[PDB]
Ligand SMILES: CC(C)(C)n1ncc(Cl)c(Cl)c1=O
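For reference, the chain that follows is the form solved without the named molecule, supplied as structure tokens.
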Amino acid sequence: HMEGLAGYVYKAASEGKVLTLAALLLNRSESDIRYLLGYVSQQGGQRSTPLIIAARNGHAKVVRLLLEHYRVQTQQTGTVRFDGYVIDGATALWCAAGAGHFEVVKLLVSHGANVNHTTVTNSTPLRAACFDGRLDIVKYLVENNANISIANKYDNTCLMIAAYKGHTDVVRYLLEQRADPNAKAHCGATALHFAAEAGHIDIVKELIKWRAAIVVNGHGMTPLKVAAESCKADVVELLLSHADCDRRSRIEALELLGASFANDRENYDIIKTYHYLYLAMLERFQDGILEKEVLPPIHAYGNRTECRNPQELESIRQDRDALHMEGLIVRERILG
């Protein structure tokens, strides 16, 4: 019964106990040793191999011994648990990149591991490191020909996932490494959209610095409207100090931004509501004008109607409750 004996090998590899592992695979023939080291074991909800689990747990010593003396392939595929989620198609490399085991990653590429291996979802180990934000790994993977153009199943680039996760220092690195800033996911989204909605004011600036294009995401919105809808005012001012539409895109962002100050405790502030929405109306009433196409009074948000004139809006810096309903009403004109 060699079944459970390969488990003791799996435990010792995961446990990092190199001597316990070293001693298990000694007076064993090559028939045996190849089986025990390539055995796929189920740890509750995790199927891996002694190499994979040891690299997944940052056990450098154990990862060294398997590659040098015992010459175990790095092609080996497994399914590991991370973040609570389950990933399939992971090499010992990929687990080590996502976990941020710097020395272990170097160990595997040093001993010939595919740096552009694709998980089932087509996530390069480089993508993993760009989620975790280990610049050391990212600089190292790129320096070993890991291709930054490889994207996940949904055309989500390492640049995007980084601009999402706030990893400013790596977004600068990928851009310096000539990562295409105008990538588009199936969502029709760009690294800008991800950063705009997320409020990563620094990353937005870098994308700006790298002549990133203003795309309207595949489902209706520019990164200006996305940041306004996500109520990230910092990003909206920075983005508005560049181009847009004449007054359409610009008054939309302001109206929308003030309107998002009516929804959820993201900064649920009506003082910043009146501020941005009154600004927006001013930019409409200069000469003559930018007409307001106001939706009909409906049973839901009270039978109110959007303010058309600045005079109608000037009458509500007081009366808090009416301002709240205005946010809902306008958010319905610009979105629906």
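When you see a residue number, it is the position in the sequence shown, counting from 1.
There is another form of the same protein, the form deposited with the named molecule bound; it is not shown, and what comes next is about it.
So, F194 and the named molecule: in the entry with it bound, are they within 4.5 Å at any heavy atom pair? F194: yes, in contact with the named molecule in the entry with it bound.
Since only the chain is shown here, I'm wondering whether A189 would be in contact with the named molecule in the entry with it bound (any heavy atom pair within 4.5 Å). Result yes; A189 sits at the interface with the named molecule in the entry with it bound.
Flag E229 as yes or no: does it have a non-hydrogen atom within 4.5 angstroms of any non-hydrogen atom of the named molecule in the entry with it bound? Looking in the entry with it bound, residue contacts with the named molecule include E229, since a heavy atom lies within 4.5 Å.
With a 4.5 Å heavy atom cut-off, would you call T74 a contact of the named molecule in the entry with it bound? The answer is no: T74 has no heavy atom within 4.5 Å of the named molecule.
Would you kindly say which of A262, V142, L107, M221 lies with a heavy atom within 4.5 Å of the named molecule in the entry with it bound? Only one option qualifies, and that one is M221.
Give me the residue from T168, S249, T79, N217 that has a heavy atom within 4.5 Å of the named molecule in the entry with it bound. By the 4.5 Å heavy-atom cutoff, the listed residue in contact is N217.
Could you tell me which of 170-178, 194-202, 207-215, 232-240 sits within 4.5 Å of the named molecule in the entry with it bound, going by non-hydrogen atoms? Stretch with heavy atoms near the partner: 194-202.
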